[PDB]
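Derivation of every value follows stated rules applied to the coordinates shown; laboratory data play no part. As a convention, Cβ positions derive from the backbone with ideal geometry for all residues, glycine included, and neighbour counts pool all protein chains shown.
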Amino acid sequence: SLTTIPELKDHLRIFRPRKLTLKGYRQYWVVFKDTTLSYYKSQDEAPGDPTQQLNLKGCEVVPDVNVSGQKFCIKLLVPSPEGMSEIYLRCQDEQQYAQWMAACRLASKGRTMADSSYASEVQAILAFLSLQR
């Protein structure tokens with residue numbers, strides 16, 4: 001009948017290396033559903049004007065972490081028919097990094113946030129971060 005699917009929605013800071021127009025980290029409104037990440041400039045522009053969307057299934061997920069430096073970065077390496085796209089996500093705190101990273105790591109494997117091991121994945125990441133500090 002009625003079902004409910006989990007999503008992530010928040011503002012993240014994003015950098016795109018190989019976009020040959022100059023642009024560093026911008027705060028965008030970013031939404032994660034199923035195994036696809038979509039980022040937008042503004043909330044009003046959600047959901048049907050995607051500045052960028054990408055299916056993370058099959059991609060490389062590179063953690064880029066320095067807890068003492070308040071660096072919570074996720075590097076997504078997405079293959080394409082014309083080479084690799086890179087998408088760098090910077091989160092605001094440890095909780096946000098844990099949710100967003102758990103989601104990216106599962107999605108890379110084709111598993112969604114509905115998979116029963118997503119919660120233990122978040123909590124596992126939080127533990128990781130908390131013990132480094």
request  = Tell me the label-point distance for the pair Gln70, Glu82, using the 7 Å Cα-to-Cβ offset, in nm and rounded to one decimal.
outcome  = 3.9
request  = Could you check the simple spin-label distance between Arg13 and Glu45, using points 7 Å along Cα→Cβ, in nm with one decimal?
outcome  = 1.9
request  = Would you order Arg133, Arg16 from fewest to most other beta-carbon atoms within 10 Å of each residue's own beta-carbon?
outcome  = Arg133, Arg16
request  = Enumerate the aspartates and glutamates that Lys109 could reach by cross-link, defined here as Cα to Cα under 18 Å, with residues fewer than 8 away along the same chain left out.
outcome  = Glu7, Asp34, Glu60, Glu86, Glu121
ask   = If you put +1 on each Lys and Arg Cβ and -1 on each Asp and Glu Cβ, how big is the dipole of the chain around its Cα centre, in Debye rounded to 20?
value = 400
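Run the numbers on the chain and let me know its relative contact order in percent, using alpha-carbon pairs under 8 Å that are six or more apart. Don't skip to the end; give the middle numbers.
On the way: 231 pairs, mean separation 28.6, N = 133.
Relative contact order for the chain comes out at 21 percent.
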request  = May I have the pair-distance distribution P(r) for the chain, computed from all Cα-Cα distances with 10 Å bins from 0 and rounded to whole percent?
outcome  = 12, 43, 36, 9, 1
query = Which length gain, in nm to one decimal place, applies between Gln52 and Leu22 when the Cα-Cα distance is subtracted from 0.36 nm times their residue separation?
reply = 9.1 nm
message = Please arrange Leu37, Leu8, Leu76, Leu131 by how many other C-beta atoms lie within 10 Å of their C-beta, fewest to most.
response = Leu131, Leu8, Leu76, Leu37
ask   = Hey, what number do you get for the chain at 222 nm if only DSSP H runs of n ≥ 4 count, each worth -39500 (n - 2.57), divided across all residues, to the nearest 500?
value = -7500 deg cm²/dmol
